[PDB]
Structure formats: structure tokens, C-alpha cells
């Protein structure tokens, strides 16, 4: 009778992209803690016994993690509940295109936490669906003065070990001074052939 709790880390109704194996939620009983491992597309799934639970934001996730703020989840059979998060910086309206030996990246960046300061913006190219600042075939570090709340264009060169592949995965990441993790766009497949 061990139910399934699924959902997404949500900001402005969108799943918040994160690095695979980096971000979590902790699940408690009011009456230890249960970890809730978040996938790179911001989604999560955890099998639990029926009953009421209290969820908290913690770890190294690239969003605000208040100790005091809890989310009460009542699980009676398979339950689905999205968890609202507030990223320091958010990446939206991301698109990629092959133009010669380069990948043209178009993206928008928002400063959601006024307190936070931008450290870097990166464009990543990978062989697999999991692409991030740690797993990458190529990266482009743009600095920390990228204009906000508007589209920007950047071109990353396709590396030697990816140029004869059928496709690749591309992604945009922004890192703040308030988290050890980048906040990312969705990992998007880009046709090369």
C-alpha cells in the first residue's frame, strides 16, 4: 500500500532546470527525514507510505531554501504535488540552432532574488541528455554582466568529438553567489545532421 508522490520544482509555472544528482527536498513526519532526489528536468518521484508529510527546501539547490517554510502534503494513494521554488536567477525562452560549426543559443535571464549577485552564465554542449557544468563536451563562460529580462544571443563552437554525431544536447546555466549550483534551462536536443 506504498503510494507514489510525484511533482516538479516550479517557478512562474515552469519546471526549474537543475544539475542531475545535485538538488533535493527533505520529507518529514510530524508524528529521521526522507530524501527526495530531483531529476535534471526539475521533476521528482518518491515512494512513500500513506499519511501526512512536511516538505522543506534544503541542500545546494539553486533556489531559496528557508528552514521555517514547510509544505504540508497529505498522501492518500498516488499523489502529485508541485513544489514552488524561488530561484536566485531563472533561465527562460531558450532555443538552439546549428549555424556552421557553431550552436547559436538564444536565452533570457531574470534576477528573481534582488539580494543575489550573478557569478557566471554558461552554454554547455553534451553527448547525452544529462548536460551541466560538470558533465560537458564543451562550455562557454560569458561572465556575469549578461543583460536581464531580455533575449541574448551567444555562439558556442561544436567540439571535435561531437561534430560527426547525429545530434547533441545543449543547455544554458546561470550561477549566483547564493548557491554552489547553477540554475539551468532545459537540456534541448540539437540536430547536427
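Residue numbers count along the first chain shown, from 1.
- Taking the mean C-alpha B-factor of each stretch as recorded, 147-155 and 48-56 are not equal, and the higher mean is that of 48-56.
- Looking at mean Cα B-factors across 170-178 and 21-29, the upper value is held by 21-29.
- When the C-alpha B-factors of 118, 71, 94, 97 are read from the PDB record, the largest value belongs to 71.
- Between the residues 142, 34, 39, 125, the entry's highest C-alpha temperature factor is the one at 34.
- For residue 108, the recorded CA temperature factor ranks within the lowest third of the chain's modelled residues.
- Residue 5: CA B factor lies in the highest third for its chain, per the PDB record.
- In this PDB entry, the Cα temperature factor of residue 137 sits in the middle third of its chain's modelled residues.
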